[PDB]
Every structure is written in C-alpha cells, then in structure tokens.
$ cat model.txt   # compact mmCIF, N, CA and C atoms and all ligand atoms
# COMPACT_ATOMS: atom_id res chain seq x y z
N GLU A 3 98.85 95.95 171.86
CA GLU A 3 98.23 95.24 173.01
C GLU A 3 99.33 94.51 173.77
N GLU A 4 99.24 94.49 175.13
CA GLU A 4 100.35 94.39 176.11
C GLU A 4 100.57 93.10 176.98
N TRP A 5 101.76 92.97 177.56
CA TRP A 5 102.86 93.95 177.54
C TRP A 5 103.81 94.08 176.34
N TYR A 6 103.91 93.01 175.54
CA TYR A 6 104.67 93.12 174.29
C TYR A 6 103.96 93.82 173.09
N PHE A 7 104.58 94.95 172.73
CA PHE A 7 104.09 95.76 171.61
C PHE A 7 104.89 95.60 170.31
N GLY A 8 105.81 94.62 170.32
CA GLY A 8 106.64 94.44 169.11
C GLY A 8 107.25 95.67 168.43
N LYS A 9 106.94 95.81 167.14
CA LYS A 9 107.70 96.78 166.36
C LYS A 9 107.13 98.19 166.31
N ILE A 10 106.60 98.64 167.46
CA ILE A 10 106.33 100.07 167.46
C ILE A 10 107.54 101.00 167.66
N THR A 11 107.37 102.20 167.08
CA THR A 11 108.39 103.29 167.13
C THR A 11 108.58 103.81 168.56
N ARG A 12 109.79 104.21 168.90
CA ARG A 12 109.92 105.15 170.02
C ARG A 12 108.84 106.25 170.21
N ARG A 13 108.64 107.08 169.16
CA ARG A 13 107.63 108.15 169.30
C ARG A 13 106.19 107.68 169.42
N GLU A 14 105.90 106.59 168.72
CA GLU A 14 104.55 106.07 168.97
C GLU A 14 104.33 105.49 170.40
N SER A 15 105.37 104.80 170.91
CA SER A 15 105.43 104.38 172.33
C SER A 15 105.08 105.46 173.34
N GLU A 16 105.82 106.59 173.16
CA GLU A 16 105.59 107.84 173.89
C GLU A 16 104.22 108.46 173.78
N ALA A 17 103.72 108.55 172.56
CA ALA A 17 102.32 108.97 172.45
C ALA A 17 101.28 108.10 173.18
N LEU A 18 101.45 106.77 173.09
CA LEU A 18 100.63 105.85 173.92
C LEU A 18 100.72 105.96 175.45
N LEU A 19 101.96 105.84 175.94
CA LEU A 19 102.17 106.05 177.38
C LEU A 19 101.64 107.35 178.00
N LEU A 20 101.85 108.44 177.26
CA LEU A 20 101.55 109.79 177.77
C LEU A 20 100.10 110.24 177.84
N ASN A 21 99.23 109.26 177.59
CA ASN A 21 97.83 109.47 177.95
C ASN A 21 97.67 109.87 179.43
N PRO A 22 96.96 110.98 179.69
CA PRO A 22 96.88 111.40 181.09
C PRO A 22 96.09 110.50 182.03
N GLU A 23 95.32 109.55 181.46
CA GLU A 23 94.74 108.44 182.24
C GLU A 23 95.73 107.52 182.99
N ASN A 24 96.84 107.31 182.26
CA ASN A 24 97.92 106.41 182.70
C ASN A 24 98.71 106.86 183.95
N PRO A 25 98.75 105.97 184.98
CA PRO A 25 99.53 106.31 186.17
C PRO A 25 101.02 106.09 185.98
N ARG A 26 101.85 106.66 186.92
CA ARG A 26 103.30 106.32 186.89
C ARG A 26 103.63 104.83 186.86
N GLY A 27 104.65 104.48 186.11
CA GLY A 27 104.85 103.03 186.05
C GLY A 27 104.10 102.32 184.95
N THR A 28 103.24 103.07 184.24
CA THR A 28 102.67 102.43 183.02
C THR A 28 103.76 102.09 182.00
N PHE A 29 103.64 100.89 181.44
CA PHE A 29 104.71 100.38 180.63
C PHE A 29 104.31 99.54 179.39
N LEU A 30 105.32 99.46 178.52
CA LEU A 30 105.30 98.45 177.47
C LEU A 30 106.70 97.94 177.14
N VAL A 31 106.72 96.77 176.48
CA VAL A 31 107.96 96.25 175.88
C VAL A 31 107.92 96.28 174.36
N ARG A 32 108.98 96.81 173.78
CA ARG A 32 109.03 96.87 172.32
C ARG A 32 110.39 96.43 171.80
N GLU A 33 110.47 96.14 170.51
CA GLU A 33 111.79 96.13 169.88
C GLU A 33 112.51 97.49 169.95
N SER A 34 113.84 97.45 170.12
CA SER A 34 114.62 98.70 169.95
C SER A 34 114.71 99.10 168.49
N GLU A 35 114.17 100.29 168.15
CA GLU A 35 114.37 100.77 166.76
C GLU A 35 115.80 100.90 166.27
N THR A 36 116.70 101.10 167.20
CA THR A 36 118.02 101.47 166.70
C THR A 36 119.11 100.43 166.95
N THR A 37 119.03 99.77 168.10
CA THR A 37 119.90 98.59 168.29
C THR A 37 119.28 97.28 167.88
N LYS A 38 119.80 96.72 166.80
CA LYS A 38 119.26 95.41 166.43
C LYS A 38 119.63 94.20 167.30
N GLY A 39 118.59 93.37 167.51
CA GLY A 39 118.69 92.41 168.63
C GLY A 39 118.35 92.89 170.07
N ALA A 40 118.34 94.22 170.28
CA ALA A 40 117.90 94.67 171.62
C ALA A 40 116.40 94.89 171.69
N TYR A 41 115.90 94.98 172.92
CA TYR A 41 114.48 95.31 173.14
C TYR A 41 114.47 96.58 173.96
N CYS A 42 113.29 97.08 174.23
CA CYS A 42 113.18 98.27 175.04
C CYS A 42 111.96 98.27 175.98
N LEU A 43 112.24 98.65 177.24
CA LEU A 43 111.21 98.89 178.28
C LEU A 43 110.86 100.36 178.39
N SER A 44 109.66 100.67 178.01
CA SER A 44 109.30 102.10 178.01
C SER A 44 108.24 102.37 179.06
N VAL A 45 108.60 103.30 179.97
CA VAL A 45 107.85 103.49 181.23
C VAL A 45 107.41 104.95 181.38
N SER A 46 106.15 105.15 181.78
CA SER A 46 105.70 106.51 182.07
C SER A 46 106.09 107.01 183.47
N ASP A 47 106.56 108.26 183.52
CA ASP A 47 106.89 108.87 184.79
C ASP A 47 106.22 110.24 184.96
N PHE A 48 106.63 110.93 186.04
CA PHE A 48 106.25 112.31 186.35
C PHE A 48 107.25 112.98 187.28
N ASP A 49 107.63 114.21 186.94
CA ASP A 49 108.22 115.09 187.98
C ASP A 49 107.68 116.50 187.86
N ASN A 50 107.73 117.30 188.93
CA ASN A 50 107.10 118.62 188.67
C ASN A 50 107.86 119.59 187.79
N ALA A 51 109.13 119.23 187.51
CA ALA A 51 109.85 120.00 186.50
C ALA A 51 109.49 119.75 185.02
N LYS A 52 109.69 118.47 184.65
CA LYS A 52 109.18 117.99 183.36
C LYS A 52 107.68 117.71 183.18
N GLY A 53 106.93 117.64 184.28
CA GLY A 53 105.60 117.02 184.18
C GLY A 53 105.64 115.54 183.79
N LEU A 54 104.55 115.19 183.07
CA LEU A 54 104.44 113.89 182.38
C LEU A 54 105.55 113.64 181.36
N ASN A 55 106.26 112.51 181.57
CA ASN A 55 107.41 112.19 180.71
C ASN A 55 107.69 110.69 180.60
N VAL A 56 108.42 110.28 179.56
CA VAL A 56 108.73 108.86 179.59
C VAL A 56 110.22 108.52 179.66
N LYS A 57 110.55 107.44 180.39
CA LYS A 57 111.91 106.87 180.33
C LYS A 57 112.02 105.58 179.49
N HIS A 58 113.16 105.43 178.81
CA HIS A 58 113.41 104.23 178.03
C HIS A 58 114.63 103.50 178.46
N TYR A 59 114.42 102.23 178.71
CA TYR A 59 115.52 101.37 179.13
C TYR A 59 115.81 100.32 178.08
N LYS A 60 117.05 100.33 177.55
CA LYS A 60 117.46 99.23 176.68
C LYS A 60 117.59 97.90 177.40
N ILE A 61 117.00 96.90 176.77
CA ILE A 61 117.16 95.52 177.26
C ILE A 61 118.11 94.76 176.32
N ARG A 62 119.29 94.47 176.86
CA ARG A 62 120.18 93.65 176.06
C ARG A 62 120.00 92.17 176.31
N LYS A 63 120.37 91.41 175.31
CA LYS A 63 120.38 89.95 175.47
C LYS A 63 121.75 89.33 175.23
N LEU A 64 122.28 88.68 176.24
CA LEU A 64 123.40 87.87 175.76
C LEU A 64 122.98 86.68 174.86
N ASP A 65 123.72 86.59 173.77
CA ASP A 65 123.77 85.40 172.88
C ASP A 65 123.57 83.99 173.50
N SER A 66 124.51 83.77 174.42
CA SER A 66 124.76 82.69 175.36
C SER A 66 123.85 82.63 176.57
N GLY A 67 123.10 83.72 176.75
CA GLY A 67 122.41 83.81 178.04
C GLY A 67 121.13 84.64 178.18
N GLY A 68 121.12 85.30 179.34
CA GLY A 68 119.93 86.06 179.69
C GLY A 68 119.80 87.54 179.25
N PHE A 69 118.56 88.01 179.46
CA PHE A 69 118.17 89.40 179.23
C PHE A 69 118.51 90.34 180.40
N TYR A 70 118.93 91.57 180.06
CA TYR A 70 119.19 92.50 181.18
C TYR A 70 119.05 93.97 180.81
N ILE A 71 118.74 94.76 181.84
CA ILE A 71 118.94 96.21 181.81
C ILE A 71 120.27 96.60 182.46
N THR A 72 120.44 96.20 183.72
CA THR A 72 121.79 96.18 184.33
C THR A 72 122.41 94.81 184.27
N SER A 73 123.66 94.74 183.81
CA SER A 73 124.28 93.40 183.67
C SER A 73 124.54 92.50 184.88
N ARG A 74 124.46 93.05 186.11
CA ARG A 74 124.53 92.09 187.24
C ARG A 74 123.18 91.43 187.62
N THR A 75 122.13 91.95 186.97
CA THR A 75 120.76 91.43 187.15
C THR A 75 120.08 90.97 185.87
N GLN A 76 120.22 89.67 185.66
CA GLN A 76 119.73 89.03 184.44
C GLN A 76 118.49 88.15 184.58
N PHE A 77 117.83 87.95 183.44
CA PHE A 77 116.64 87.10 183.42
C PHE A 77 116.61 86.09 182.30
N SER A 78 115.98 84.97 182.60
CA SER A 78 115.95 84.01 181.49
C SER A 78 114.91 84.25 180.40
N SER A 79 114.12 85.29 180.63
CA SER A 79 113.11 85.72 179.68
C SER A 79 112.59 87.14 179.95
N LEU A 80 111.87 87.71 178.97
CA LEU A 80 111.14 88.99 179.14
C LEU A 80 109.99 89.02 180.16
N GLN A 81 109.16 87.95 180.18
CA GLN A 81 108.22 87.91 181.31
C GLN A 81 108.86 87.88 182.70
N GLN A 82 110.00 87.17 182.86
CA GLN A 82 110.71 87.31 184.14
C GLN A 82 111.30 88.66 184.48
N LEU A 83 111.87 89.36 183.48
CA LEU A 83 112.19 90.79 183.67
C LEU A 83 111.02 91.67 184.17
N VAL A 84 109.92 91.57 183.40
CA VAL A 84 108.68 92.29 183.73
C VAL A 84 108.05 91.98 185.13
N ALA A 85 108.01 90.68 185.45
CA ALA A 85 107.66 90.25 186.81
C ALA A 85 108.58 90.75 187.95
N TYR A 86 109.91 90.72 187.71
CA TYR A 86 110.83 91.40 188.64
C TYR A 86 110.53 92.88 188.93
N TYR A 87 110.61 93.66 187.84
CA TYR A 87 110.42 95.10 188.00
C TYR A 87 109.03 95.60 188.38
N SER A 88 108.07 94.67 188.19
CA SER A 88 106.74 94.85 188.82
C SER A 88 106.70 94.83 190.32
N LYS A 89 107.66 94.12 190.89
CA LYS A 89 107.73 94.06 192.35
C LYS A 89 108.72 95.07 192.91
N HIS A 90 109.80 95.32 192.16
CA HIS A 90 110.87 96.23 192.61
C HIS A 90 111.22 97.25 191.55
N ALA A 91 111.33 98.55 191.91
CA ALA A 91 111.93 99.48 190.93
C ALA A 91 113.39 99.14 190.55
N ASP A 92 114.17 98.88 191.63
CA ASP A 92 115.61 98.53 191.59
C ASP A 92 116.45 99.33 190.58
N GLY A 93 116.39 100.66 190.83
CA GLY A 93 117.01 101.61 189.89
C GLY A 93 116.20 102.08 188.67
N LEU A 94 115.12 101.38 188.27
CA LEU A 94 114.16 102.06 187.35
C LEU A 94 113.52 103.30 187.97
N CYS A 95 112.96 104.21 187.15
CA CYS A 95 112.27 105.42 187.70
C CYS A 95 111.14 105.18 188.72
N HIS A 96 110.56 104.00 188.51
CA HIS A 96 109.31 103.58 189.14
C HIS A 96 109.13 102.08 188.88
N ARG A 97 108.50 101.44 189.88
CA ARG A 97 107.97 100.08 189.68
C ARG A 97 106.93 100.00 188.54
N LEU A 98 107.08 98.92 187.77
CA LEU A 98 106.06 98.69 186.72
C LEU A 98 104.64 98.51 187.31
N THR A 99 103.71 99.26 186.72
CA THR A 99 102.33 99.23 187.21
C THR A 99 101.36 98.79 186.12
N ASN A 100 100.61 99.69 185.53
CA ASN A 100 99.70 99.23 184.48
C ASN A 100 100.41 98.86 183.19
N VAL A 101 99.92 97.81 182.54
CA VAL A 101 100.38 97.72 181.14
C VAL A 101 99.74 98.77 180.21
N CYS A 102 100.46 99.19 179.19
CA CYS A 102 99.84 100.23 178.38
C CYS A 102 98.61 99.80 177.59
N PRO A 103 97.53 100.55 177.78
CA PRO A 103 96.30 100.21 177.05
C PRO A 103 96.33 100.73 175.60
N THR A 104 95.60 100.00 174.73
CA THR A 104 95.53 100.11 173.25
C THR A 104 96.24 98.94 172.44
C1 LIG B 1 117.99 108.46 174.42
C2 LIG B 1 117.53 107.37 175.39
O1 LIG B 1 116.37 107.24 175.75
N1 LIG B 1 118.48 106.53 175.76
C3 LIG B 1 118.09 105.52 176.74
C4 LIG B 1 118.52 104.09 176.30
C5 LIG B 1 117.84 103.59 175.02
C6 LIG B 1 118.55 103.59 173.80
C7 LIG B 1 117.98 103.05 172.64
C8 LIG B 1 116.66 102.56 172.69
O2 LIG B 1 116.07 102.08 171.50
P1 LIG B 1 115.13 103.04 170.74
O3 LIG B 1 115.91 103.84 169.77
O4 LIG B 1 114.07 102.27 170.03
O5 LIG B 1 114.43 103.96 171.70
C9 LIG B 1 115.94 102.59 173.89
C10 LIG B 1 116.52 103.09 175.07
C11 LIG B 1 118.71 105.81 178.11
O6 LIG B 1 119.89 106.15 178.20
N2 LIG B 1 117.91 105.66 179.16
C12 LIG B 1 118.70 105.76 180.57
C13 LIG B 1 117.78 105.38 181.65
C14 LIG B 1 116.46 106.12 181.50
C15 LIG B 1 116.68 107.61 181.77
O7 LIG B 1 117.12 108.01 182.82
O8 LIG B 1 116.36 108.43 180.90
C16 LIG B 1 120.06 104.81 180.66
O9 LIG B 1 120.32 103.92 180.03
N3 LIG B 1 120.66 105.23 181.54
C17 LIG B 1 121.99 104.58 181.83
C18 LIG B 1 121.91 103.50 182.94
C19 LIG B 1 121.05 103.86 184.16
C20 LIG B 1 120.82 102.70 185.16
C21 LIG B 1 119.99 103.13 186.39
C22 LIG B 1 119.92 101.99 187.43
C23 LIG B 1 119.34 100.70 186.84
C24 LIG B 1 120.09 100.30 185.57
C25 LIG B 1 120.18 101.45 184.55
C26 LIG B 1 123.16 105.54 182.04
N4 LIG B 1 123.07 106.72 181.46
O10 LIG B 1 124.14 105.21 182.67
$ encode --input "model.txt" --output "structure tokens" --more "lines below"
Ligand SMILES: CC(=O)N[C@@H](Cc1ccc(OP(=O)(O)O)cc1)C(=O)N[C@@H](CCC(=O)O)C(=O)N[C@H](CCC1CCCCC1)C(N)=O
Amino acid sequence: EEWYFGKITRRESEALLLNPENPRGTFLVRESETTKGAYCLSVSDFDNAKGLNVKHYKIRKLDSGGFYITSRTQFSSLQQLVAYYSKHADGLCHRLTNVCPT
C-alpha cells in the first residue's frame, strides 16, 4: 500500500505495476534489493515496441544530505522527490501519476 512499499522485490514490483488497469506513470517506492541504503522508484511505462514495461530508478541518499536520482537535483525527503516528479518528468520516462494499487 502506497506510495511506500518498503521491502518488496524488484519482480514483485513489476508484477504489481504491470496490471493493465494501470496508466503510464503508475508508481511505487521501495527499498533497493541490491544496493543497501538505496531506495528505488519503480514506474510503469509503454512503447509500441516493448508494449507494457517498467523502468527502475535508483534513489541514492547522501549521508550528509539529500535524496536523489540525478545528483544535481536533490530532495530533503522521499515525499519531496515524489511531489517533484509528480509535476515534472524531468528526464524520467513519464510524470508520476497513479500510486500503485494493492
Ligand atoms: C537494471 C536496472 O533496472 N537498472 C536501473 C537502476 C537500478 C539499479 C538497482 C535497483 O535496485 P533493485 O535491484 O532493487 O532493482 C533499482 C534500479 C537503471 O539503470 N535504470 C536507468 C533508468 C531507467 C531506464 O531507462 O531503464 C538508469 O539509471 N539510467 C541511467 C541514468 C538515466 C538518467 C535519465 C535522466 C534523469 C536521471 C537519470 C544511465 N544509464 O545513465
């Protein structure tokens, strides 16, 4: 239940997002399974080559500071990241739209 999904798997994230009900920009935030201390923004997309597909963006945190996907654009928290990208794609595949249901 969203937007923070905590310790779900990459593949489980993907199975959730890829519900055909879900529009482009459907998203969740999870822990990164593989980088410890990182988080992950997982977003549903579409192209006519791949069809329905998902992109994953690592969210790093500086020790000393803020959260980021790109290091020139930082946030003092995860809700501020999410609020930003809800208004602007700014290099993401798509603007954040629905939170992932379930
Ligand atoms: C295999 C994979 O998904 N890697 C992920 C990263 C990841 C790793 C571990 C995670 O943790 P976990 O193991 O739990 O999933 C979660 C996510 C990945 O590279 N995404 C791509 C972007 C999505 C895509 O275009 O696909 C990525 O960073 N692009 C970078 C940077 C691109 C830019 C684009 C402009 C805005 C700032 C980012 C690159 N190439 O310069």
$ closest_residue --input "model.txt" --among "A:104, A:15, A:99, A:75" --to "residue 3 in chain A" --atoms "all atoms listed in the file"
A:104
$ residues_around --input "model.txt" --residues "range 6-8 of chain A" --least-positions-apart "6" --cutoff "5 Å" --atoms "only N, CA and C atoms" --output "PyMOL selection string"
chain A and resi 31-33
$ write_last_selection --input "model.txt" --atoms "N, CA and C atoms" --output "mmCIF file, in the coordinates of the input"
data_model
loop_
_atom_site.group_PDB
_atom_site.id
_atom_site.type_symbol
_atom_site.label_atom_id
_atom_site.label_comp_id
_atom_site.auth_asym_id
_atom_site.auth_seq_id
_atom_site.Cartn_x
_atom_site.Cartn_y
_atom_site.Cartn_z
ATOM 1 N N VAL A 31 106.720 96.770 176.480
ATOM 2 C CA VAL A 31 107.960 96.250 175.880
ATOM 3 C C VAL A 31 107.920 96.280 174.360
ATOM 4 N N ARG A 32 108.980 96.810 173.780
ATOM 5 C CA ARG A 32 109.030 96.870 172.320
ATOM 6 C C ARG A 32 110.390 96.430 171.800
ATOM 7 N N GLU A 33 110.470 96.140 170.510
ATOM 8 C CA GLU A 33 111.790 96.130 169.880
ATOM 9 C C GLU A 33 112.510 97.490 169.950
#
$ residues_around --input "model.txt" --residues "residue 68 in chain A" --least-positions-apart "3" --cutoff "6.5 Å" --atoms "all atoms listed in the file" --output "ChimeraX atom specification"
/A:62-65,76-79
$ residues_near_ligand --input "model.txt" --ligand "ligand LIG 1 (chain B)" --cutoff "6.5 Å" --atoms "only N, CA and C atoms and all ligand atoms" --output "short mmCIF file (atom, residue, chain, number, x, y, z; two decimals) with N, CA and C atoms, in the coordinates of the input"
data_model
loop_
_atom_site.label_atom_id
_atom_site.label_comp_id
_atom_site.auth_asym_id
_atom_site.auth_seq_id
_atom_site.Cartn_x
_atom_site.Cartn_y
_atom_site.Cartn_z
N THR A 11 107.37 102.20 167.08
CA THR A 11 108.39 103.29 167.13
C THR A 11 108.58 103.81 168.56
N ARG A 12 109.79 104.21 168.90
CA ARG A 12 109.92 105.15 170.02
C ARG A 12 108.84 106.25 170.21
N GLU A 33 110.47 96.14 170.51
CA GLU A 33 111.79 96.13 169.88
C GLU A 33 112.51 97.49 169.95
N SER A 34 113.84 97.45 170.12
CA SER A 34 114.62 98.70 169.95
C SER A 34 114.71 99.10 168.49
N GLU A 35 114.17 100.29 168.15
CA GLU A 35 114.37 100.77 166.76
C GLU A 35 115.80 100.90 166.27
N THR A 36 116.70 101.10 167.20
CA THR A 36 118.02 101.47 166.70
C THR A 36 119.11 100.43 166.95
N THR A 37 119.03 99.77 168.10
CA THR A 37 119.90 98.59 168.29
C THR A 37 119.28 97.28 167.88
N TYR A 41 115.90 94.98 172.92
CA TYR A 41 114.48 95.31 173.14
C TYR A 41 114.47 96.58 173.96
N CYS A 42 113.29 97.08 174.23
CA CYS A 42 113.18 98.27 175.04
C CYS A 42 111.96 98.27 175.98
N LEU A 43 112.24 98.65 177.24
CA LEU A 43 111.21 98.89 178.28
C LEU A 43 110.86 100.36 178.39
N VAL A 56 108.42 110.28 179.56
CA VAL A 56 108.73 108.86 179.59
C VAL A 56 110.22 108.52 179.66
N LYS A 57 110.55 107.44 180.39
CA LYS A 57 111.91 106.87 180.33
C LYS A 57 112.02 105.58 179.49
N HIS A 58 113.16 105.43 178.81
CA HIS A 58 113.41 104.23 178.03
C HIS A 58 114.63 103.50 178.46
N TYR A 59 114.42 102.23 178.71
CA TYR A 59 115.52 101.37 179.13
C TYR A 59 115.81 100.32 178.08
N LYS A 60 117.05 100.33 177.55
CA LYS A 60 117.46 99.23 176.68
C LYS A 60 117.59 97.90 177.40
N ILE A 61 117.00 96.90 176.77
CA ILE A 61 117.16 95.52 177.26
C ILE A 61 118.11 94.76 176.32
N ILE A 71 118.74 94.76 181.84
CA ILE A 71 118.94 96.21 181.81
C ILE A 71 120.27 96.60 182.46
N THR A 72 120.44 96.20 183.72
CA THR A 72 121.79 96.18 184.33
C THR A 72 122.41 94.81 184.27
N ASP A 92 114.17 98.88 191.63
CA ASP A 92 115.61 98.53 191.59
C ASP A 92 116.45 99.33 190.58
N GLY A 93 116.39 100.66 190.83
CA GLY A 93 117.01 101.61 189.89
C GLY A 93 116.20 102.08 188.67
N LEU A 94 115.12 101.38 188.27
CA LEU A 94 114.16 102.06 187.35
C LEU A 94 113.52 103.30 187.97
#
$ atom_distance --input "model.txt" --atom1 "atom N of residue 27 in chain A" --atom2 "atom N of residue 39 in chain A"
25.8 Å
$ closest_residue --input "model.txt" --among "A:18, A:45, A:10, A:85" --to "residue 30 in chain A" --atoms "only N, CA and C atoms"
A:45
$ atom_distance --input "model.txt" --atom1 "CA of residue 101 in chain A" --atom2 "CA of residue 66 in chain A"
29.2 Å
$ atom_distance --input "model.txt" --atom1 "CA of residue 13 in chain A" --atom2 "CA of residue 69 in chain A"
23.7 Å
$ closest_residue --input "model.txt" --among "A:4, A:38, A:44, A:84" --to "residue 16 in chain A" --atoms "only N, CA and C atoms"
A:44
$ decode --input "model.txt" --residues "range 5-92 of chain A" --atoms "C-alpha atoms" --output "PDB file, in the first residue's frame"
ATOM      1  CA  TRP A   5       3.425   5.196  -2.231  1.00  0.00           C
ATOM      2  CA  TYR A   6       5.958   3.479   0.047  1.00  0.00           C
ATOM      3  CA  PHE A   7       6.018  -0.290  -0.449  1.00  0.00           C
ATOM      4  CA  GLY A   8       9.096  -0.985   1.683  1.00  0.00           C
ATOM      5  CA  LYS A   9      10.773  -4.329   1.220  1.00  0.00           C
ATOM      6  CA  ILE A  10       9.170  -5.664  -1.867  1.00  0.00           C
ATOM      7  CA  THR A  11      11.232  -7.444  -4.567  1.00  0.00           C
ATOM      8  CA  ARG A  12      12.031  -5.991  -7.949  1.00  0.00           C
ATOM      9  CA  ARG A  13       9.964  -8.769  -9.618  1.00  0.00           C
ATOM     10  CA  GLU A  14       7.059  -8.375  -7.314  1.00  0.00           C
ATOM     11  CA  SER A  15       7.118  -4.578  -8.001  1.00  0.00           C
ATOM     12  CA  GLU A  16       6.896  -5.377 -11.711  1.00  0.00           C
ATOM     13  CA  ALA A  17       4.055  -7.793 -11.324  1.00  0.00           C
ATOM     14  CA  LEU A  18       2.074  -5.108  -9.415  1.00  0.00           C
ATOM     15  CA  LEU A  19       2.749  -2.226 -11.789  1.00  0.00           C
ATOM     16  CA  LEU A  20       2.040  -4.255 -14.929  1.00  0.00           C
ATOM     17  CA  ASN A  21      -1.620  -4.628 -14.249  1.00  0.00           C
ATOM     18  CA  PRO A  22      -3.291  -3.498 -17.468  1.00  0.00           C
ATOM     19  CA  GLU A  23      -5.636  -1.241 -15.432  1.00  0.00           C
ATOM     20  CA  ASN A  24      -2.648   0.914 -14.522  1.00  0.00           C
ATOM     21  CA  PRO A  25      -1.908   4.005 -16.666  1.00  0.00           C
ATOM     22  CA  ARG A  26       1.587   5.269 -17.629  1.00  0.00           C
ATOM     23  CA  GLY A  27       3.303   6.862 -14.718  1.00  0.00           C
ATOM     24  CA  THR A  28       1.902   4.426 -12.184  1.00  0.00           C
ATOM     25  CA  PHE A  29       4.466   4.158  -9.451  1.00  0.00           C
ATOM     26  CA  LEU A  30       5.792   2.932  -6.158  1.00  0.00           C
ATOM     27  CA  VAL A  31       8.760   3.497  -3.862  1.00  0.00           C
ATOM     28  CA  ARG A  32      10.652   0.541  -2.468  1.00  0.00           C
ATOM     29  CA  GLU A  33      13.912  -0.406  -0.868  1.00  0.00           C
ATOM     30  CA  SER A  34      16.632  -1.340  -3.379  1.00  0.00           C
ATOM     31  CA  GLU A  35      17.143  -5.108  -3.183  1.00  0.00           C
ATOM     32  CA  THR A  36      20.700  -4.878  -4.233  1.00  0.00           C
ATOM     33  CA  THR A  37      22.155  -1.578  -3.101  1.00  0.00           C
ATOM     34  CA  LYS A  38      21.994  -1.268   0.629  1.00  0.00           C
ATOM     35  CA  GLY A  39      20.927   2.125   1.859  1.00  0.00           C
ATOM     36  CA  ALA A  40      19.439   2.977  -1.568  1.00  0.00           C
ATOM     37  CA  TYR A  41      15.754   3.140  -2.465  1.00  0.00           C
ATOM     38  CA  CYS A  42      14.029   2.632  -5.758  1.00  0.00           C
ATOM     39  CA  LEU A  43      11.337   4.425  -7.831  1.00  0.00           C
ATOM     40  CA  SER A  44       9.535   1.954  -9.991  1.00  0.00           C
ATOM     41  CA  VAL A  45       7.358   3.373 -12.751  1.00  0.00           C
ATOM     42  CA  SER A  46       5.064   1.841 -15.362  1.00  0.00           C
ATOM     43  CA  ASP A  47       5.564   2.801 -18.996  1.00  0.00           C
ATOM     44  CA  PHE A  48       4.559   1.864 -22.568  1.00  0.00           C
ATOM     45  CA  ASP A  49       6.069   1.864 -26.024  1.00  0.00           C
ATOM     46  CA  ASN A  50       4.803   0.107 -29.105  1.00  0.00           C
ATOM     47  CA  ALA A  51       7.992  -1.895 -29.369  1.00  0.00           C
ATOM     48  CA  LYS A  52       8.096  -3.287 -25.846  1.00  0.00           C
ATOM     49  CA  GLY A  53       4.423  -2.751 -25.027  1.00  0.00           C
ATOM     50  CA  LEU A  54       3.736  -2.525 -21.302  1.00  0.00           C
ATOM     51  CA  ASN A  55       7.025  -2.263 -19.394  1.00  0.00           C
ATOM     52  CA  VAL A  56       8.583  -0.920 -16.259  1.00  0.00           C
ATOM     53  CA  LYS A  57      11.504   1.439 -15.539  1.00  0.00           C
ATOM     54  CA  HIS A  58      13.514   1.482 -12.308  1.00  0.00           C
ATOM     55  CA  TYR A  59      15.314   4.441 -10.940  1.00  0.00           C
ATOM     56  CA  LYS A  60      17.794   4.155  -8.087  1.00  0.00           C
ATOM     57  CA  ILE A  61      17.371   6.754  -5.384  1.00  0.00           C
ATOM     58  CA  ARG A  62      20.604   7.497  -3.622  1.00  0.00           C
ATOM     59  CA  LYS A  63      20.950   9.255  -0.332  1.00  0.00           C
ATOM     60  CA  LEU A  64      23.818  11.293   0.748  1.00  0.00           C
ATOM     61  CA  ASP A  65      24.876  10.562   4.335  1.00  0.00           C
ATOM     62  CA  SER A  66      25.260  14.302   4.948  1.00  0.00           C
ATOM     63  CA  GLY A  67      22.331  15.289   2.849  1.00  0.00           C
ATOM     64  CA  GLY A  68      19.521  14.776   0.445  1.00  0.00           C
ATOM     65  CA  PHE A  69      17.914  12.113  -1.729  1.00  0.00           C
ATOM     66  CA  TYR A  70      18.424  11.992  -5.489  1.00  0.00           C
ATOM     67  CA  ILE A  71      18.019  10.249  -8.809  1.00  0.00           C
ATOM     68  CA  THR A  72      20.186  12.774 -10.641  1.00  0.00           C
ATOM     69  CA  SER A  73      22.777  14.378  -8.382  1.00  0.00           C
ATOM     70  CA  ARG A  74      22.179  17.998  -9.416  1.00  0.00           C
ATOM     71  CA  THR A  75      18.540  17.606  -8.289  1.00  0.00           C
ATOM     72  CA  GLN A  76      18.193  16.703  -4.647  1.00  0.00           C
ATOM     73  CA  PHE A  77      15.436  16.462  -2.065  1.00  0.00           C
ATOM     74  CA  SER A  78      15.243  16.649   1.636  1.00  0.00           C
ATOM     75  CA  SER A  79      12.907  13.680   1.706  1.00  0.00           C
ATOM     76  CA  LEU A  80      11.106  10.949  -0.337  1.00  0.00           C
ATOM     77  CA  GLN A  81       7.761  12.742  -0.296  1.00  0.00           C
ATOM     78  CA  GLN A  82       9.504  15.785  -1.792  1.00  0.00           C
ATOM     79  CA  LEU A  83      11.046  13.632  -4.540  1.00  0.00           C
ATOM     80  CA  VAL A  84       7.616  12.132  -5.280  1.00  0.00           C
ATOM     81  CA  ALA A  85       5.896  15.559  -5.257  1.00  0.00           C
ATOM     82  CA  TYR A  86       8.538  16.909  -7.695  1.00  0.00           C
ATOM     83  CA  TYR A  87       8.276  14.134 -10.251  1.00  0.00           C
ATOM     84  CA  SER A  88       4.506  14.230  -9.989  1.00  0.00           C
ATOM     85  CA  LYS A  89       4.637  17.651 -11.517  1.00  0.00           C
ATOM     86  CA  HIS A  90       7.612  17.168 -13.870  1.00  0.00           C
ATOM     87  CA  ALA A  91       9.036  14.127 -15.677  1.00  0.00           C
ATOM     88  CA  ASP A  92      12.454  15.900 -15.819  1.00  0.00           C
TER      89      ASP A  92
END
